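Positions 166 to 246, 248 to 675, 692 to 833, 840 to 938, 949 to 1371, 1377 to 1653 (the authors' numbering) are the ones given, in order, by the sequence shown.
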Amino acid sequence: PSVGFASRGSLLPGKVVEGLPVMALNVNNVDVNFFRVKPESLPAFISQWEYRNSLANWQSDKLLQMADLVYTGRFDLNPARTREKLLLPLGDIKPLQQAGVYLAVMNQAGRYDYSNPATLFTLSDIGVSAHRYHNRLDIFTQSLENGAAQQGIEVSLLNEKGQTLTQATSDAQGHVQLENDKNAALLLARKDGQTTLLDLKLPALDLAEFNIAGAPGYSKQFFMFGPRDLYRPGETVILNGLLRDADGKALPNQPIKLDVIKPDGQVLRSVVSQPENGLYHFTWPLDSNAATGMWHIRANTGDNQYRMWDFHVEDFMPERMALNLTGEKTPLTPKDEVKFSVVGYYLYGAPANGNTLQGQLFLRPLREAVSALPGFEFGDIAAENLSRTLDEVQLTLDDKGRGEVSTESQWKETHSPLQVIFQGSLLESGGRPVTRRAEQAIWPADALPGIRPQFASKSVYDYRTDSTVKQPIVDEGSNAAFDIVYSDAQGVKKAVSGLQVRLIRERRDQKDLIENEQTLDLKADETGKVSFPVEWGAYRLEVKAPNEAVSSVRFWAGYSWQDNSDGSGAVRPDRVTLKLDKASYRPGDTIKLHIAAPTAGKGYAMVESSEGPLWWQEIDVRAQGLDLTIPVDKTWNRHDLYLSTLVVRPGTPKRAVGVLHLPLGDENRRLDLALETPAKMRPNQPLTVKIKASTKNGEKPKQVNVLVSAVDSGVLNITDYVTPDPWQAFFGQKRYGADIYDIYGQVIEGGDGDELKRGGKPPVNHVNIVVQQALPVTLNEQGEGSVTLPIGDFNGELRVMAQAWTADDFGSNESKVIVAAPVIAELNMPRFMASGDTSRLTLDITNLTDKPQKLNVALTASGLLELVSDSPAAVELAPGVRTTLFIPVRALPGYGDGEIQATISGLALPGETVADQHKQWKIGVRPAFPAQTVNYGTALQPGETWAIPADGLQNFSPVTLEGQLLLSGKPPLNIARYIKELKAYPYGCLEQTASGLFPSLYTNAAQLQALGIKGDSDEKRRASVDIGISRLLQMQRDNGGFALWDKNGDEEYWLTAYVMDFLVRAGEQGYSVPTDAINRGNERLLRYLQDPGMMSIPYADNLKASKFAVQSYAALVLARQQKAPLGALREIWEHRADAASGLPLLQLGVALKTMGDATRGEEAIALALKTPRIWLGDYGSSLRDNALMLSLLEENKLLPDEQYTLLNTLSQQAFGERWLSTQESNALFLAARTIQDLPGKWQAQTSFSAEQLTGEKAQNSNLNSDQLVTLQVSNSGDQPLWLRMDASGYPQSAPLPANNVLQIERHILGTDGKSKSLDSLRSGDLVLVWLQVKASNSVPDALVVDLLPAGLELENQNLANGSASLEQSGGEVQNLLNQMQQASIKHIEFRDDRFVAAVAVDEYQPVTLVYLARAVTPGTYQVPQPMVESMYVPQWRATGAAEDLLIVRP
Ligand SMILES: [Cl-]
Ligand SMILES: [Cl-]
Ligand SMILES: [Cl-]
């Protein structure tokens, strides 16, 4: 009993019309109404309509207000009881033959439903295909069916408002060139001869199947390069630069502005770089307190289009070993055993003989099985057990440093492609791994079916998994389109017949209901396009190939509440395989292109750039292929040049696109750079690099400049660093500078360092980073030169890198130099040690001589290190043999460094004298517990002095004690942070009305503008107060009391005092309130003081407390008018014990003082500031009451010291409050509106300065323990100064677990999801450390510092290539990972001695954090407690439960 639009397209052709396609079942008569959309403001209609399937009855009023009804036509059909689709004769409708975009709303004759089927369309046989560029836009007009009517004058380009900007004609048969805008919205065709709609708001055609990728530097090229992309905090960043034009040619000496960007996006430093001999060179030191993450240097050549140079800043350890994990290139069959070949070796040139390889084998689905087909999914999504942990790998490499990893197949009957991932960790003799990942593809057949939905993927919430996930969605009652391909691993589409295309409806709340079935035949290099009528709910489209291989994609049918993925539903055109005769072309050459389209079709063939086309027209394509000539022009001096083709053929006219990069990079512009270095060398000796630049036929290397660098391979392998190539930078394939738009897809068919200070001074890491960069040299007449780089005490591999340049000639080369001693003696130690820890250090002595060696190793420990044993080892080593000495050590108490020294004897050298060798290794030591923070804050009056309390810095060790002193002229409470808007609202009930106007009695537009708060004009605000008064007066009852809405309603006792307070204050602020109303109100307030017994508050939990709050408020309002009888006040005072808050007592106190009883008045006020805080009925809270008490004290100019105490308390309460009620923000605004009205100027004389300190804003000053213990500050100003003192450092001993506001707990799980037994921990084990943080109020700036036991090392997730994955190894704690994904995390840091997370937490949302760690150095370790604290409020702090010692076994 339904009828709806089947095509859901935006354009039906004027030729082969057949009207609008409609699918009906048992519906004989259909009433359709057509509406012509108003030409003006048409983009506003499209954005509101969003190309829907149906029209909502309420939302129809707004949408159809910009469209006029032209025809009301009913249509006669003949179905009695099949759901056949049919035509709609539109040719007889004369108003529809006119220009404009139409909307058809159909309904069953006498049916009334919530929504009726609706579609937006245009009747036209015109087919435009626009091309967008950075400045211009070239449109190509055509025609549907047999004919390519190219003439195009009719181009209506409308903006966001809905006004046409330009319209003209050009080129052979017809074409048009127009000015492009950044905020352009539409494009329309023809004045009277039909209309074609094309909008720029829709995503441009997806060219994902085409190689249109490259650098976006179409303008003057600036190649940013350096010796590495990975730095440690405290290192000097080296960056070089060469500026050239679009064709790599030299240009005049111009300055380039460079900015250093932090991971948070803030700039650190800005410089103006000037070139020296055509070379740019930027150097600056990273602070030791620098943030870890992806930093970058951004360059500005002058085009204001930034050039980026990314670099990691991490606590990395250079790799001392190389690990190669190799699978098979070709996918395995489901019957095949999975095998990985392992190769490990020390970079100093020796195999990893006997080294342990620990690892994980995982089974995962291989859905993105063909890289050549991006977006195409392969395999059954409904198939179970495709994600598993296969085995834990534990093996020893042979004498050659070789091994093999294998697992028998446990997926022999799979119909879906799978993958086996080996996450292998090759371990050092100390336990530190070198981790790598290898993947093995498994294919159920040689060719598989692949599915790509043509519809967008939007983020839809799923309450079955309680997590929002982006999934391909389509509107309910609309057809779902899909691209189906039968492809091999390489991407070539194979011919197949008998594909079981099945539309399955998944159970909502029995079994999966098979909705529709199909049979598909595919041709080679053909993309199948299937469309199925979809109803509602969960769906799955599965295609089965005759070889039994099954592939399926899940999709939801329903509503979209915006939240769309950036162009997820973009049109993908059919491919036109374009072939070229030569691999590279030049200005003197002539290109011969073969256009091999799927079928015949007219359109265009051209050469493009980012500034426009260069071969504007070519129109024909005939038979099966077309070889055409393109003469490459001499003025084309750029490498962003591409080729493009378009073909169309009617049956609907199927469109196909072809795109290909035109290579213009000549090989004669490349320098033949040769580097001659020795293959092997000794440490502490200088390395010599012999450079030789040349080129064939020419052989003239005129003034060649060479920049030589040498970096440790163990640094470069972490980020698989590629040697910077200047030829590929300036001449390599640049990105496609165009965007293609066409309508063939819509055609109808039918401070700094402060976080590290809170955690504690990190121990120093003494690792050696071997990096060298010599000055740029000049090569002589022959093109010869030499660079000598001094190499220190390094044992490993060194990568020699060189960059060469002239004006247009660029070269790059690399060579590997092994730096190794005759006998290598290397010590493996943890990253740091804590006080009271024991670590088994390992010393590897390797004989790299051809002769046997006899040595003595003498060991001693200095600093905060001591040897557990004696180790007076006698070492005898045969050629190429390595031994490992176990050196157990203990870390002494305190913060500092430790050292192990080795003096080796009997080193027999050939020819050379036998002399003693010396080696030193340092380790950083720190306490095994987090730092504590002491915080002080006070306002110093002029002349007055502040000194640090004697009991303050007593628990800190002076060595690590650091502090921060912030001085300012304004209080720490910033009202703009809590109040963004302050506007009058004179409507609603009695409470709402008074609450929307109370702040409006005191502020003004000038004050709000100075505060940075949005408000009303003074005129609007005053008019609103007057409206509110007149409304409130109508709620006054005959007894003078006030009701909630009407004068006849029940009396509201607290609100009567509230509204009376408002109305009396309104009078003092220049507003008129009738005298009779005030008198009646005051008479009623007097009844409250005299008669609390007649008060009916039945919902009150504490009736006496409620009655007391009413009387005290009534008392203050009458006393401010000198109308409160002292007898009544004294009798209310006798019941003071009834108060449940300080506010009623402070109000009563002010009343007693005002009316004459200063003794009882001062007693009440003093009692109020000691009394802590429908339910109570007073609409109150602690926050509100503290702000009202503050205004009361200020207003009555009493207890200024108590005012400063409440102001600091308020600042912390506002900070910790999720949302503020109207009365809280009102009270807070009124208490803090006068503090920013004072200047920020301040003066102070301090203990740490001989010169006076002055400023106009808050100026921080870092302090050391000498300064802090004698810290004294004096106010030398005429205004009060505000000081904040934060001191941090390790205590002398470990404190006990404590918590205030915040809560933290730590638990360690194994990768099996079970609790890990902290004794049964072995060197190499991966563990999941789980933190849970809770809070009794909002902590927007919580800093989680989890100091590690020295035996645990973090798996740095930022350096994915060199570490184990949290995602892959955390499958058994997916609940915890999902909880963590929901947390608001500012940043996460994987440091040497700690895990750090900056997070927001509150009472309704506990935070879950999970991190992956590895047990490395064997020993017995102290476990520091987990810590969490607020940066702004350091008193919001928690230390988790004390844990048992951590034992790491060998
Ligand atoms: Cl080991
Ligand atoms: Cl006030
Ligand atoms: Cl802060």
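Positions of the beta carbon are idealized from the N, C-alpha and C atoms, including for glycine.
Judging by CA-CA distance, which residue of the options is the nearest neighbour of residue i?
i	options	result
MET390	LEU408, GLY1573, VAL509	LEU408
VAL712	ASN1478, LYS1014, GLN666	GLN666
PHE388	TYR446, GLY359, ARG1220, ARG398	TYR446
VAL403	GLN971, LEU242, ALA209, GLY938	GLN971
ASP952	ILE1043, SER1491, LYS659, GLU1459	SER1491
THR1040	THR1082, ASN885, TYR511	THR1082
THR631	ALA1019, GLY1325, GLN1585, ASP1596	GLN1585
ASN419	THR467, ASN406, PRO393	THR467
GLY238	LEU229, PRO1637, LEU1474, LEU262	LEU262
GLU979	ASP1068, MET1583, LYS955, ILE879	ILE879
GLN1560	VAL896, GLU1454, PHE1598, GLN333	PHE1598
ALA1076	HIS1116, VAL1021, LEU1090	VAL1021
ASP1007	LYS888, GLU995, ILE1043	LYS888
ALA370	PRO755, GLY1380, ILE773	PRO755
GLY431	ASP476, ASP900, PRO441	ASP476
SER1010	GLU345, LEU229, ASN893	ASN893
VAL1602	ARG1594, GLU311, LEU1612, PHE1593	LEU1612
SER507	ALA1337, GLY569, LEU529	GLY569
Return the chain-ordered list of same chain residues with a C-beta closer than 6 Å to the C-beta of residue i, the five sequence neighbours on each side being excluded.
i	result
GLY846	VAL758, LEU760, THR827
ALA338	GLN799
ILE1121	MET1027, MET1031, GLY1096
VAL504	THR573, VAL586, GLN606
Among all the DSSP beta bridges, which residues are the ones paired with residue i?
i	result
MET869	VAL1017
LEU353	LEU364
Does the beta-carbon distance from residue i to residue j come in below 8 Å?
i	j	result
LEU207	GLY328	yes
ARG668	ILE696	yes
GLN620	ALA538	no
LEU556	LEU523	no
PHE210	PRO186	no
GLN799	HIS462	no
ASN819	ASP413	yes
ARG464	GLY541	no
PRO1621	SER1526	yes
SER295	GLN308	yes
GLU1281	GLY1340	no
Excluding sequence positions up to five away, which residues of its chain have a Cβ less than 7 Å from the Cβ of residue i?
i	result
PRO1627	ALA1126, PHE1127, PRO1128, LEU1550
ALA1264	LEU1199, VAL1223, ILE1227, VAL1271
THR1136	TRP1144, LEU1486
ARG1421	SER1541, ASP1605
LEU1301	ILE1295
Inset, instruction - Would you check if there are 3 or more beta carbon pairs closer than 8 Å linking the segment 491-499 to the segment 455-464? - result: no
Inset, instruction - Check whether the segment 1493-1508 touches the segment 1517-1537, counting contact only when three or more Cβ pairs, one atom from each stretch, lie closer than 8 Å. - result: yes
Inset, instruction - Say whether the segment 1100-1109 touches the segment 1052-1061, bearing in mind that this needs 3 or more beta-carbon pairs closer than 8 Å, one atom from each stretch. - result: yes
Legend entry - Contact the segment 1211-1220 vs the segment 1164-1183: 3+ CB pairs below 8 Å: yes
Inset, instruction - Spell out a yes or no on whether the segment 277-285 and the segment 800-807 are touching, meaning 3 or more CB-CB pairs, one atom from each, closer than 8 Å. - result: no
Inset, instruction - Say whether the segment 497-510 touches the segment 1060-1076, bearing in mind that this needs 3 or more beta-carbon pairs closer than 8 Å, one atom from each stretch. - result: no
Inset, instruction - For the segment 1011-1020 and the segment 867-876, state whether three or more C-beta atom pairs, one from each stretch, are separated by less than 8 Å. - result: yes
Inset, instruction - Assess, as a yes-or-no matter, whether the segment 910-921 is touched by the segment 1515-1523 under the definition of 3 or more beta carbon pairs within less than 8 Å. - result: no
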